Amino acid sequence: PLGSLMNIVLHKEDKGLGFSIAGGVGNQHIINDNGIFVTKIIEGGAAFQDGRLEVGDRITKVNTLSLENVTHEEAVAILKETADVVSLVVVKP
Amino acid sequence: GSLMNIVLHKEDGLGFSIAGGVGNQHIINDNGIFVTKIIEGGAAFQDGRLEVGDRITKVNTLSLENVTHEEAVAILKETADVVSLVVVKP
Amino acid sequence: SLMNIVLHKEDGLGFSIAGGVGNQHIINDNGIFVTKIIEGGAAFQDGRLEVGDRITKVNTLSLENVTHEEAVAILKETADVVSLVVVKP
Amino acid sequence: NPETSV
Amino acid sequence: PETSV
Amino acid sequence: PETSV
């Protein structure tokens, strides 16, 4: 069925946000879809402690920037800059 | 290619259905959001301007370009009783 | 042919625009169009944006059916990183 | 592909 | 009107 | 390709 939008706010740590991503233009994780998807959440990391982010979630927006149809490198860069506070809008299956 | 501005006043929703979005293309090689159904008697019907096949590129201030279907639905449903759309006619 | 281009500002975005409702750049089209790309600016270093590109979306906001000043405001009211969706001619 | 009433 | 941005 | 962030 159709997913749902969720806003998740994370506060960064020394080791980062604590999750891994796959996807992007030219490195599709899902057929016919360049979207950015969560593949791993580090136990004890920021995303884990917040408790809302899940493996399989699509990251469609980081702060105001859209992650739709960007490269994997651009998504990594966008997520690695940011201030200590990060706002994600994700689509849950 | 012809863009049109349509202002709708909600009835008991907006009275049309949409398809498309990134990952759920309605037309091959196009992520656009397209009108697929217009309910007789609904807001869009009474206004008379919106048509099946229209590409909705703007809802109030927000763009519907390069969004997921879920985000387009959210944008269209998180609106007040009055809604301004900018659409592209085939 | 839509492309999402992410720029990291170098100081603005490093390009000039024309168009908008009441100041059409192309007959029968109110769109916002890129007319100049500054050497060394963000758009130049990124290398993807080109003169003639139509900017239809800046972050979440649409640039369709806006005035020239409204487009300028939207583009200047942005953070250091900016997402543009452009249409190639 | 999905069809959603709005 | 040509505006730099 | 999985990049930690």
# chains A, B, ... in the order shown; residues from 1 in each chain; ligands from 1

call {"tool": "residues_around", "arguments": {"residues": "residue 3 (chain E)", "least_positions_apart": "4", "cutoff": "8 Å", "atoms": "only C-alpha atoms", "output": "PyMOL selection string"}}
result
chain C and resi 16-18+72

call {"tool": "write_last_selection", "arguments": {"atoms": "N, CA and C atoms", "output": "PDB file, in the first residue's frame"}}
result
ATOM      1  N   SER C  16      22.241  34.448 -12.768  1.00  0.00           N
ATOM      2  CA  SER C  16      21.201  35.455 -12.922  1.00  0.00           C
ATOM      3  C   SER C  16      19.980  34.817 -13.568  1.00  0.00           C
ATOM      4  N   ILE C  17      18.810  35.400 -13.305  1.00  0.00           N
ATOM      5  CA  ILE C  17      17.552  34.862 -13.799  1.00  0.00           C
ATOM      6  C   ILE C  17      16.769  35.954 -14.515  1.00  0.00           C
ATOM      7  N   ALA C  18      15.871  35.517 -15.396  1.00  0.00           N
ATOM      8  CA  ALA C  18      14.896  36.391 -16.024  1.00  0.00           C
ATOM      9  C   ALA C  18      13.566  35.655 -16.087  1.00  0.00           C
ATOM     10  N   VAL C  72      13.004  36.092  -7.080  1.00  0.00           N
ATOM     11  CA  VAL C  72      14.239  36.565  -6.462  1.00  0.00           C
ATOM     12  C   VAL C  72      14.187  36.361  -4.954  1.00  0.00           C
TER      13      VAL C  72
END

call {"tool": "interface_residues", "arguments": {"of": "chain B", "to": "chain D", "cutoff": "9 Å", "atoms": "only C-alpha atoms", "output": "PDB file with N, CA, C and O atoms, in the first residue's frame"}}
result
ATOM      1  N   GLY B  13     -13.579  17.110   0.263  1.00  0.00           N
ATOM      2  CA  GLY B  13     -12.262  17.382  -0.279  1.00  0.00           C
ATOM      3  C   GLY B  13     -12.302  18.239  -1.528  1.00  0.00           C
ATOM      4  O   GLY B  13     -13.273  18.955  -1.763  1.00  0.00           O
ATOM      5  N   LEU B  14     -11.236  18.169  -2.331  1.00  0.00           N
ATOM      6  CA  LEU B  14     -11.157  18.964  -3.551  1.00  0.00           C
ATOM      7  C   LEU B  14     -11.929  18.338  -4.705  1.00  0.00           C
ATOM      8  O   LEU B  14     -12.232  19.033  -5.682  1.00  0.00           O
ATOM      9  N   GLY B  15     -12.240  17.049  -4.620  1.00  0.00           N
ATOM     10  CA  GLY B  15     -13.085  16.423  -5.615  1.00  0.00           C
ATOM     11  C   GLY B  15     -12.379  15.933  -6.856  1.00  0.00           C
ATOM     12  O   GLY B  15     -12.995  15.875  -7.924  1.00  0.00           O
ATOM     13  N   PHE B  16     -11.101  15.577  -6.753  1.00  0.00           N
ATOM     14  CA  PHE B  16     -10.413  14.931  -7.859  1.00  0.00           C
ATOM     15  C   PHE B  16      -9.388  13.959  -7.294  1.00  0.00           C
ATOM     16  O   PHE B  16      -9.019  14.024  -6.117  1.00  0.00           O
ATOM     17  N   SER B  17      -8.933  13.051  -8.152  1.00  0.00           N
ATOM     18  CA  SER B  17      -7.932  12.056  -7.804  1.00  0.00           C
ATOM     19  C   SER B  17      -6.677  12.275  -8.637  1.00  0.00           C
ATOM     20  O   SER B  17      -6.720  12.847  -9.731  1.00  0.00           O
ATOM     21  N   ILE B  18      -5.547  11.813  -8.098  1.00  0.00           N
ATOM     22  CA  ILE B  18      -4.248  12.005  -8.726  1.00  0.00           C
ATOM     23  C   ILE B  18      -3.528  10.669  -8.850  1.00  0.00           C
ATOM     24  O   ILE B  18      -3.814   9.704  -8.136  1.00  0.00           O
ATOM     25  N   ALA B  19      -2.590  10.630  -9.793  1.00  0.00           N
ATOM     26  CA  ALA B  19      -1.649   9.529  -9.940  1.00  0.00           C
ATOM     27  C   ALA B  19      -0.284  10.111 -10.290  1.00  0.00           C
ATOM     28  O   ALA B  19      -0.164  11.269 -10.698  1.00  0.00           O
ATOM     29  N   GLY B  20       0.750   9.310 -10.096  1.00  0.00           N
ATOM     30  CA  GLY B  20       2.098   9.709 -10.438  1.00  0.00           C
ATOM     31  C   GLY B  20       2.971   9.879  -9.210  1.00  0.00           C
ATOM     32  O   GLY B  20       2.612   9.503  -8.091  1.00  0.00           O
ATOM     33  N   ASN B  24       6.434   5.994  -8.715  1.00  0.00           N
ATOM     34  CA  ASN B  24       5.105   5.542  -9.111  1.00  0.00           C
ATOM     35  C   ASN B  24       4.652   6.343 -10.323  1.00  0.00           C
ATOM     36  O   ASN B  24       3.590   6.966 -10.327  1.00  0.00           O
ATOM     37  N   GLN B  25       5.475   6.337 -11.369  1.00  0.00           N
ATOM     38  CA  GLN B  25       5.200   7.155 -12.542  1.00  0.00           C
ATOM     39  C   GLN B  25       3.841   6.809 -13.135  1.00  0.00           C
ATOM     40  O   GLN B  25       3.496   5.634 -13.290  1.00  0.00           O
ATOM     41  N   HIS B  26       3.067   7.847 -13.462  1.00  0.00           N
ATOM     42  CA  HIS B  26       1.806   7.670 -14.171  1.00  0.00           C
ATOM     43  C   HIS B  26       1.999   7.676 -15.678  1.00  0.00           C
ATOM     44  O   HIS B  26       1.228   7.033 -16.400  1.00  0.00           O
ATOM     45  N   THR B  36      -6.491  12.110 -12.652  1.00  0.00           N
ATOM     46  CA  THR B  36      -7.050  10.926 -13.288  1.00  0.00           C
ATOM     47  C   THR B  36      -8.556  10.793 -13.169  1.00  0.00           C
ATOM     48  O   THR B  36      -9.122   9.936 -13.850  1.00  0.00           O
ATOM     49  N   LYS B  37      -9.186  11.495 -12.230  1.00  0.00           N
ATOM     50  CA  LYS B  37     -10.625  11.399 -12.018  1.00  0.00           C
ATOM     51  C   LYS B  37     -11.129  12.707 -11.431  1.00  0.00           C
ATOM     52  O   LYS B  37     -10.428  13.356 -10.649  1.00  0.00           O
ATOM     53  N   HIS B  69       4.585  10.134  -4.550  1.00  0.00           N
ATOM     54  CA  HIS B  69       3.127  10.148  -4.528  1.00  0.00           C
ATOM     55  C   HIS B  69       2.619  10.466  -3.126  1.00  0.00           C
ATOM     56  O   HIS B  69       1.657  11.229  -2.961  1.00  0.00           O
ATOM     57  N   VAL B  73       0.152  13.624  -2.158  1.00  0.00           N
ATOM     58  CA  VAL B  73      -1.110  13.453  -1.448  1.00  0.00           C
ATOM     59  C   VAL B  73      -1.118  14.281  -0.169  1.00  0.00           C
ATOM     60  O   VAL B  73      -2.117  14.932   0.158  1.00  0.00           O
ATOM     61  N   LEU B  76      -1.587  17.976  -0.932  1.00  0.00           N
ATOM     62  CA  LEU B  76      -2.945  18.318  -1.338  1.00  0.00           C
ATOM     63  C   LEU B  76      -3.938  18.174  -0.190  1.00  0.00           C
ATOM     64  O   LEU B  76      -4.957  18.875  -0.167  1.00  0.00           O
ATOM     65  N   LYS B  77      -3.671  17.285   0.768  1.00  0.00           N
ATOM     66  CA  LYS B  77      -4.594  17.082   1.877  1.00  0.00           C
ATOM     67  C   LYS B  77      -4.350  18.018   3.053  1.00  0.00           C
ATOM     68  O   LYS B  77      -5.290  18.281   3.813  1.00  0.00           O
TER      69      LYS B  77
END

call {"tool": "residues_around", "arguments": {"residues": "region 47-49 of chain B", "least_positions_apart": "3", "cutoff": "9 Å", "atoms": "only C-alpha atoms", "output": "PyMOL selection string"}}
result
chain B and resi 4-9+42-44

call {"tool": "write_last_selection", "arguments": {"atoms": "C-alpha atoms", "output": "compact mmCIF listing (two decimals), in the first residue's frame"}}
result
# COMPACT_ATOMS: atom_id res chain seq x y z
CA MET B 4 -3.57 27.53 -15.87
CA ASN B 5 -4.36 28.91 -12.40
CA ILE B 6 -7.34 27.22 -10.68
CA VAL B 7 -8.77 28.26 -7.30
CA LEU B 8 -11.00 25.69 -5.58
CA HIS B 9 -13.21 25.86 -2.47
CA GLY B 42 -17.28 18.17 -6.45
CA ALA B 43 -15.34 21.39 -6.07
CA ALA B 44 -13.12 20.86 -9.12

call {"tool": "select_by_dssp", "arguments": {"residues": "region 4-54 of chain C", "states": "strand (DSSP E or B)", "output": "list in words"}}
result
residues 4, 5, 6, 7, 8, 15, 16, 17, 18, 19, 21, 26, 29, 32, 33, 34, 35, 36, 37 and 54 of chain C

call {"tool": "residues_around", "arguments": {"residues": "residue 87 (chain C)", "least_positions_apart": "6", "cutoff": "10 Å", "atoms": "only C-alpha atoms", "output": "number ranges by chain"}}
result
C: 1-4, 33, 49, 52-57

call {"tool": "write_last_selection", "arguments": {"atoms": "C-alpha atoms", "output": "PDB file, in the first residue's frame"}}
result
ATOM      1  CA  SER C   1      13.626  16.348 -18.479  1.00  0.00           C
ATOM      2  CA  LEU C   2      13.819  17.466 -14.849  1.00  0.00           C
ATOM      3  CA  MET C   3      17.115  17.551 -12.968  1.00  0.00           C
ATOM      4  CA  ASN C   4      17.638  18.150  -9.249  1.00  0.00           C
ATOM      5  CA  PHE C  33      14.982  31.137 -16.709  1.00  0.00           C
ATOM      6  CA  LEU C  49      23.187  24.427 -14.594  1.00  0.00           C
ATOM      7  CA  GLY C  52      18.156  28.624 -20.696  1.00  0.00           C
ATOM      8  CA  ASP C  53      17.354  26.243 -17.849  1.00  0.00           C
ATOM      9  CA  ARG C  54      13.889  26.702 -16.353  1.00  0.00           C
ATOM     10  CA  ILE C  55      13.847  26.762 -12.545  1.00  0.00           C
ATOM     11  CA  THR C  56      10.485  25.299 -11.511  1.00  0.00           C
ATOM     12  CA  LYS C  57      11.228  24.550  -7.845  1.00  0.00           C
TER      13      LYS C  57
END

call {"tool": "residues_around", "arguments": {"residues": "residue 4 (chain F)", "least_positions_apart": "3", "cutoff": "9 Å", "atoms": "only C-alpha atoms", "output": "NGL selection string"}}
result
:A and (16-21 or 40 or 76)

call {"tool": "write_last_selection", "arguments": {"atoms": "C-alpha atoms", "output": "mmCIF file, in the first residue's frame"}}
result
data_model
loop_
_atom_site.group_PDB
_atom_site.id
_atom_site.type_symbol
_atom_site.label_atom_id
_atom_site.label_comp_id
_atom_site.auth_asym_id
_atom_site.auth_seq_id
_atom_site.Cartn_x
_atom_site.Cartn_y
_atom_site.Cartn_z
ATOM 1 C CA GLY A 16 27.360 10.859 13.219
ATOM 2 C CA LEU A 17 23.671 10.100 12.905
ATOM 3 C CA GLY A 18 24.103 6.341 13.286
ATOM 4 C CA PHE A 19 22.524 4.942 10.127
ATOM 5 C CA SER A 20 23.541 3.889 6.624
ATOM 6 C CA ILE A 21 21.929 4.713 3.284
ATOM 7 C CA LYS A 40 21.285 -0.020 8.748
ATOM 8 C CA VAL A 76 26.070 11.483 1.720
#

call {"tool": "atom_distance", "arguments": {"atom1": "CA of residue 30 (chain B)", "atom2": "CA of residue 60 (chain B)"}}
result
22.1 Å

call {"tool": "interface_residues", "arguments": {"of": "chain A", "to": "chain F", "cutoff": "12 Å", "atoms": "only C-alpha atoms", "output": "PyMOL selection string"}}
result
chain A and resi 12-24+26-29+36-42+45-47+71-82+86

call {"tool": "write_last_selection", "arguments": {"atoms": "N, CA, C and O atoms", "output": "compact mmCIF listing (two decimals), in the first residue's frame"}}
result
# COMPACT_ATOMS: atom_id res chain seq x y z
N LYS A 12 23.08 15.14 16.23
CA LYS A 12 24.26 14.40 15.81
C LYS A 12 25.21 14.13 16.97
O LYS A 12 25.23 14.86 17.97
N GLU A 13 25.99 13.07 16.83
CA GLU A 13 27.00 12.67 17.80
C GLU A 13 28.39 12.78 17.16
O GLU A 13 28.53 13.17 15.99
N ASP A 14 29.41 12.43 17.93
CA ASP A 14 30.77 12.41 17.39
C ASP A 14 30.86 11.44 16.21
O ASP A 14 31.57 11.71 15.24
N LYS A 15 30.15 10.32 16.28
CA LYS A 15 30.18 9.30 15.25
C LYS A 15 29.13 9.50 14.17
O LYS A 15 29.02 8.66 13.26
N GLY A 16 28.35 10.57 14.23
CA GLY A 16 27.36 10.86 13.22
C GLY A 16 25.95 10.54 13.66
O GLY A 16 25.62 10.45 14.85
N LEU A 17 25.08 10.36 12.66
CA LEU A 17 23.67 10.10 12.91
C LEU A 17 23.38 8.64 13.23
O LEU A 17 22.32 8.35 13.80
N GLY A 18 24.28 7.72 12.89
CA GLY A 18 24.10 6.34 13.29
C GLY A 18 23.24 5.50 12.38
O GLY A 18 22.60 4.55 12.85
N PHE A 19 23.20 5.81 11.08
CA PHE A 19 22.52 4.94 10.13
C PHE A 19 23.26 5.00 8.79
O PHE A 19 24.08 5.88 8.54
N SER A 20 22.96 4.02 7.95
CA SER A 20 23.54 3.89 6.62
C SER A 20 22.46 4.04 5.57
O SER A 20 21.28 3.78 5.82
N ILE A 21 22.86 4.47 4.37
CA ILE A 21 21.93 4.71 3.28
C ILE A 21 22.40 3.99 2.03
O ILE A 21 23.58 3.69 1.86
N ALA A 22 21.44 3.72 1.15
CA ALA A 22 21.71 3.21 -0.19
C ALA A 22 20.77 3.92 -1.15
O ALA A 22 19.76 4.49 -0.75
N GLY A 23 21.13 3.89 -2.43
CA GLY A 23 20.32 4.48 -3.47
C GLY A 23 20.99 5.70 -4.09
O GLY A 23 22.17 5.99 -3.85
N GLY A 24 20.22 6.40 -4.89
CA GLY A 24 20.69 7.56 -5.61
C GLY A 24 20.72 7.32 -7.11
O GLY A 24 20.74 6.19 -7.59
N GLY A 26 21.90 6.59 -10.57
CA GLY A 26 23.02 5.78 -11.00
C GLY A 26 23.42 4.66 -10.06
O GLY A 26 24.26 3.84 -10.44
N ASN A 27 22.85 4.60 -8.86
CA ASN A 27 23.13 3.54 -7.90
C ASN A 27 21.82 3.11 -7.24
O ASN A 27 21.68 3.12 -6.02
N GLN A 28 20.85 2.74 -8.06
CA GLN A 28 19.52 2.40 -7.56
C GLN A 28 19.57 1.26 -6.56
O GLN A 28 20.23 0.24 -6.79
N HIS A 29 18.88 1.45 -5.44
CA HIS A 29 18.66 0.39 -4.47
C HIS A 29 17.36 -0.37 -4.73
O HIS A 29 17.27 -1.56 -4.41
N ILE A 36 16.56 7.44 -1.78
CA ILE A 36 17.54 7.16 -0.73
C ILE A 36 16.85 6.38 0.38
O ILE A 36 15.81 6.82 0.90
N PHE A 37 17.41 5.23 0.74
CA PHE A 37 16.79 4.31 1.68
C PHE A 37 17.74 3.95 2.82
O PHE A 37 18.95 3.83 2.61
N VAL A 38 17.17 3.78 4.01
CA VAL A 38 17.94 3.38 5.18
C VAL A 38 18.16 1.88 5.14
O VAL A 38 17.20 1.10 5.04
N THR A 39 19.42 1.46 5.26
CA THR A 39 19.75 0.04 5.25
C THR A 39 20.26 -0.48 6.59
O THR A 39 20.20 -1.69 6.82
N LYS A 40 20.71 0.40 7.48
CA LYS A 40 21.29 -0.02 8.75
C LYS A 40 21.12 1.08 9.78
O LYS A 40 21.23 2.26 9.44
N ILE A 41 20.88 0.69 11.02
CA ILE A 41 20.80 1.61 12.15
C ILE A 41 21.72 1.08 13.24
O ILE A 41 21.56 -0.06 13.70
N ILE A 42 22.69 1.89 13.65
CA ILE A 42 23.68 1.45 14.63
C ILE A 42 23.03 1.45 16.01
O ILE A 42 22.48 2.46 16.47
N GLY A 45 23.29 4.43 18.49
CA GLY A 45 23.50 5.66 17.76
C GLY A 45 22.32 6.62 17.87
O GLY A 45 21.29 6.33 18.48
N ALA A 46 22.49 7.79 17.25
CA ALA A 46 21.47 8.83 17.33
C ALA A 46 20.12 8.34 16.81
O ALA A 46 19.09 8.45 17.48
N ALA A 47 20.11 7.80 15.59
CA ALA A 47 18.86 7.31 15.01
C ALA A 47 18.24 6.24 15.90
O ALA A 47 17.01 6.15 16.01
N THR A 71 22.51 12.19 -6.53
CA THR A 71 23.45 11.08 -6.50
C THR A 71 23.64 10.58 -5.07
O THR A 71 23.33 11.26 -4.09
N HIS A 72 24.15 9.35 -4.97
CA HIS A 72 24.50 8.80 -3.67
C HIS A 72 25.53 9.69 -2.97
O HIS A 72 25.42 9.96 -1.77
N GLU A 73 26.52 10.15 -3.72
CA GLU A 73 27.54 11.03 -3.15
C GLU A 73 26.91 12.33 -2.65
O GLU A 73 27.29 12.83 -1.58
N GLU A 74 25.96 12.89 -3.40
CA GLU A 74 25.32 14.12 -2.95
C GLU A 74 24.49 13.88 -1.70
O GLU A 74 24.45 14.74 -0.81
N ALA A 75 23.80 12.74 -1.60
CA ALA A 75 23.05 12.45 -0.38
C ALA A 75 23.98 12.33 0.81
O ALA A 75 23.71 12.87 1.89
N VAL A 76 25.10 11.62 0.64
CA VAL A 76 26.07 11.48 1.72
C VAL A 76 26.60 12.85 2.13
O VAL A 76 26.73 13.15 3.32
N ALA A 77 26.92 13.70 1.15
CA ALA A 77 27.42 15.03 1.46
C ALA A 77 26.39 15.86 2.22
O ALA A 77 26.71 16.50 3.23
N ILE A 78 25.15 15.86 1.74
CA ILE A 78 24.09 16.62 2.39
C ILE A 78 23.92 16.16 3.83
O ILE A 78 23.77 16.98 4.75
N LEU A 79 23.95 14.84 4.06
CA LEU A 79 23.75 14.33 5.42
C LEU A 79 24.97 14.57 6.30
O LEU A 79 24.83 14.69 7.52
N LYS A 80 26.17 14.64 5.71
CA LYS A 80 27.39 14.83 6.48
C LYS A 80 27.69 16.30 6.77
O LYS A 80 28.47 16.57 7.70
N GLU A 81 27.11 17.24 6.03
CA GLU A 81 27.29 18.63 6.43
C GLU A 81 26.29 18.79 7.58
O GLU A 81 26.46 18.20 8.65
N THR A 82 25.20 19.52 7.34
CA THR A 82 24.21 19.77 8.38
C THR A 82 24.83 20.27 9.68
O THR A 82 26.03 20.10 9.91
N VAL A 86 19.40 17.83 12.80
CA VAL A 86 19.06 17.38 11.45
C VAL A 86 17.59 17.02 11.43
O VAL A 86 17.11 16.26 12.28

call {"tool": "residues_around", "arguments": {"residues": "residue 54 (chain B)", "least_positions_apart": "4", "cutoff": "9 Å", "atoms": "only C-alpha atoms", "output": "PyMOL selection string"}}
result
chain B and resi 33-36+50+87-90

call {"tool": "write_last_selection", "arguments": {"atoms": "N, CA and C atoms", "output": "PDB file, in the first residue's frame"}}
result
ATOM      1  N   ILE B  33       2.678  14.719 -11.397  1.00  0.00           N
ATOM      2  CA  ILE B  33       1.417  14.408 -10.733  1.00  0.00           C
ATOM      3  C   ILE B  33       0.288  14.777 -11.684  1.00  0.00           C
ATOM      4  N   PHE B  34      -0.593  13.820 -11.969  1.00  0.00           N
ATOM      5  CA  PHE B  34      -1.604  13.980 -13.002  1.00  0.00           C
ATOM      6  C   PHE B  34      -2.989  13.707 -12.439  1.00  0.00           C
ATOM      7  N   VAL B  35      -3.973  14.463 -12.924  1.00  0.00           N
ATOM      8  CA  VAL B  35      -5.363  14.260 -12.532  1.00  0.00           C
ATOM      9  C   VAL B  35      -5.932  13.108 -13.348  1.00  0.00           C
ATOM     10  N   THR B  36      -6.491  12.110 -12.652  1.00  0.00           N
ATOM     11  CA  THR B  36      -7.050  10.926 -13.288  1.00  0.00           C
ATOM     12  C   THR B  36      -8.556  10.793 -13.169  1.00  0.00           C
ATOM     13  N   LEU B  50     -10.428  22.360 -14.086  1.00  0.00           N
ATOM     14  CA  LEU B  50      -9.569  21.186 -14.010  1.00  0.00           C
ATOM     15  C   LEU B  50     -10.106  20.080 -14.913  1.00  0.00           C
ATOM     16  N   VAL B  87      -1.621  24.297 -12.892  1.00  0.00           N
ATOM     17  CA  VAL B  87      -1.645  23.038 -13.625  1.00  0.00           C
ATOM     18  C   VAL B  87      -1.169  23.277 -15.051  1.00  0.00           C
ATOM     19  N   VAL B  88      -0.713  22.200 -15.692  1.00  0.00           N
ATOM     20  CA  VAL B  88      -0.266  22.219 -17.084  1.00  0.00           C
ATOM     21  C   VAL B  88      -1.254  21.402 -17.911  1.00  0.00           C
ATOM     22  N   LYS B  89      -1.833  22.010 -18.943  1.00  0.00           N
ATOM     23  CA  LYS B  89      -2.762  21.272 -19.796  1.00  0.00           C
ATOM     24  C   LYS B  89      -2.011  20.551 -20.916  1.00  0.00           C
ATOM     25  N   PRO B  90      -2.364  19.289 -21.218  1.00  0.00           N
ATOM     26  CA  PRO B  90      -1.702  18.594 -22.332  1.00  0.00           C
ATOM     27  C   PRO B  90      -1.840  19.347 -23.653  1.00  0.00           C
TER      28      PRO B  90
END

call {"tool": "interface_residues", "arguments": {"of": "chain C", "to": "chain E", "cutoff": "8 Å", "atoms": "only C-alpha atoms", "output": "PyMOL selection string"}}
result
chain C and resi 12-19+23+35+68+72+75-76

call {"tool": "write_last_selection", "arguments": {"atoms": "C-alpha atoms", "output": "JSON list (two decimals), in the first residue's frame"}}
result
[["chain", "number", "residue", "atom", "x", "y", "z"],
["C", 12, "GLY", "CA", 24.95, 33.75, -3.52],
["C", 13, "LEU", "CA", 24.19, 30.97, -5.99],
["C", 14, "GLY", "CA", 26.23, 32.57, -8.78],
["C", 15, "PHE", "CA", 23.73, 32.95, -11.61],
["C", 16, "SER", "CA", 21.20, 35.46, -12.92],
["C", 17, "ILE", "CA", 17.55, 34.86, -13.80],
["C", 18, "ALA", "CA", 14.90, 36.39, -16.02],
["C", 19, "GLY", "CA", 11.16, 35.88, -16.38],
["C", 23, "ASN", "CA", 8.07, 40.17, -17.10],
["C", 35, "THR", "CA", 20.43, 33.90, -18.25],
["C", 68, "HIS", "CA", 10.21, 38.21, -10.97],
["C", 72, "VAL", "CA", 14.24, 36.56, -6.46],
["C", 75, "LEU", "CA", 15.96, 32.20, -4.29],
["C", 76, "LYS", "CA", 17.57, 34.62, -1.82]]

call {"tool": "residues_around", "arguments": {"residues": "residue 50 (chain C)", "least_positions_apart": "5", "cutoff": "9 Å", "atoms": "only C-alpha atoms", "output": "list in words"}}
result
residues 34, 35, 36, 37, 43, 44 and 88 of chain C

call {"tool": "write_last_selection", "arguments": {"atoms": "N, CA and C atoms", "output": "JSON list (two decimals), in the first residue's frame"}}
result
[["chain", "number", "residue", "atom", "x", "y", "z"],
["C", 34, "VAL", "N", 17.36, 30.81, -16.44],
["C", 34, "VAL", "CA", 18.74, 31.21, -16.16],
["C", 34, "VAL", "C", 19.31, 31.92, -17.38],
["C", 35, "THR", "N", 19.87, 33.11, -17.17],
["C", 35, "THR", "CA", 20.43, 33.90, -18.25],
["C", 35, "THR", "C", 21.95, 34.07, -18.18],
["C", 36, "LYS", "N", 22.56, 33.85, -17.01],
["C", 36, "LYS", "CA", 23.99, 34.08, -16.84],
["C", 36, "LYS", "C", 24.51, 33.15, -15.76],
["C", 37, "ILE", "N", 25.74, 32.67, -15.94],
["C", 37, "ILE", "CA", 26.42, 31.80, -14.98],
["C", 37, "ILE", "C", 27.77, 32.45, -14.68],
["C", 43, "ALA", "N", 26.98, 27.61, -8.94],
["C", 43, "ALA", "CA", 26.43, 26.93, -10.11],
["C", 43, "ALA", "C", 27.53, 26.57, -11.10],
["C", 44, "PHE", "N", 28.53, 27.43, -11.25],
["C", 44, "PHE", "CA", 29.61, 27.15, -12.19],
["C", 44, "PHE", "C", 30.43, 25.95, -11.72],
["C", 88, "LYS", "N", 15.42, 21.22, -18.71],
["C", 88, "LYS", "CA", 16.32, 21.57, -19.79],
["C", 88, "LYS", "C", 15.51, 21.87, -21.06]]

call {"tool": "closest_residue", "arguments": {"among": "C:60, C:83, C:78, C:45", "to": "chain B", "atoms": "only C-alpha atoms"}}
result
C:60

call {"tool": "decode", "arguments": {"residues": "region 63-73 of chain B", "atoms": "N, CA, C and O atoms", "output": "tab-separated table (two decimals), in the first residue's frame"}}
result
chain	number	residue	atom	x	y	z
B	63	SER	N	5.61	23.24	-4.76
B	63	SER	CA	5.73	22.54	-6.02
B	63	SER	C	5.45	21.05	-5.83
B	63	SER	O	5.84	20.46	-4.82
B	64	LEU	N	4.77	20.45	-6.80
B	64	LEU	CA	4.57	19.01	-6.83
B	64	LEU	C	5.54	18.33	-7.79
B	64	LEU	O	5.39	17.14	-8.09
B	65	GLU	N	6.54	19.06	-8.29
B	65	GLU	CA	7.56	18.49	-9.15
B	65	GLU	C	8.61	17.76	-8.32
B	65	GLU	O	9.10	18.29	-7.32
B	66	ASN	N	8.93	16.53	-8.72
B	66	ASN	CA	10.00	15.76	-8.10
B	66	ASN	C	9.67	15.45	-6.64
B	66	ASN	O	10.50	15.61	-5.74
B	67	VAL	N	8.44	15.00	-6.41
B	67	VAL	CA	8.01	14.50	-5.11
B	67	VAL	C	7.52	13.07	-5.27
B	67	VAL	O	7.24	12.60	-6.38
B	68	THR	N	7.41	12.38	-4.15
B	68	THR	CA	6.78	11.07	-4.14
B	68	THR	C	5.27	11.22	-4.18
B	68	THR	O	4.71	12.29	-3.90
B	69	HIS	N	4.59	10.13	-4.55
B	69	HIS	CA	3.13	10.15	-4.53
B	69	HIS	C	2.62	10.47	-3.13
B	69	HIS	O	1.66	11.23	-2.96
B	70	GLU	N	3.26	9.90	-2.10
B	70	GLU	CA	2.84	10.17	-0.73
B	70	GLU	C	2.96	11.65	-0.39
B	70	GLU	O	2.06	12.23	0.23
B	71	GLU	N	4.06	12.29	-0.81
B	71	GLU	CA	4.23	13.71	-0.52
B	71	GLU	C	3.21	14.55	-1.27
B	71	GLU	O	2.71	15.55	-0.74
B	72	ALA	N	2.90	14.19	-2.52
B	72	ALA	CA	1.89	14.94	-3.26
B	72	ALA	C	0.53	14.83	-2.58
B	72	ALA	O	-0.19	15.84	-2.43
B	73	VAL	N	0.15	13.62	-2.16
B	73	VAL	CA	-1.11	13.45	-1.45
B	73	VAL	C	-1.12	14.28	-0.17
B	73	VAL	O	-2.12	14.93	0.16
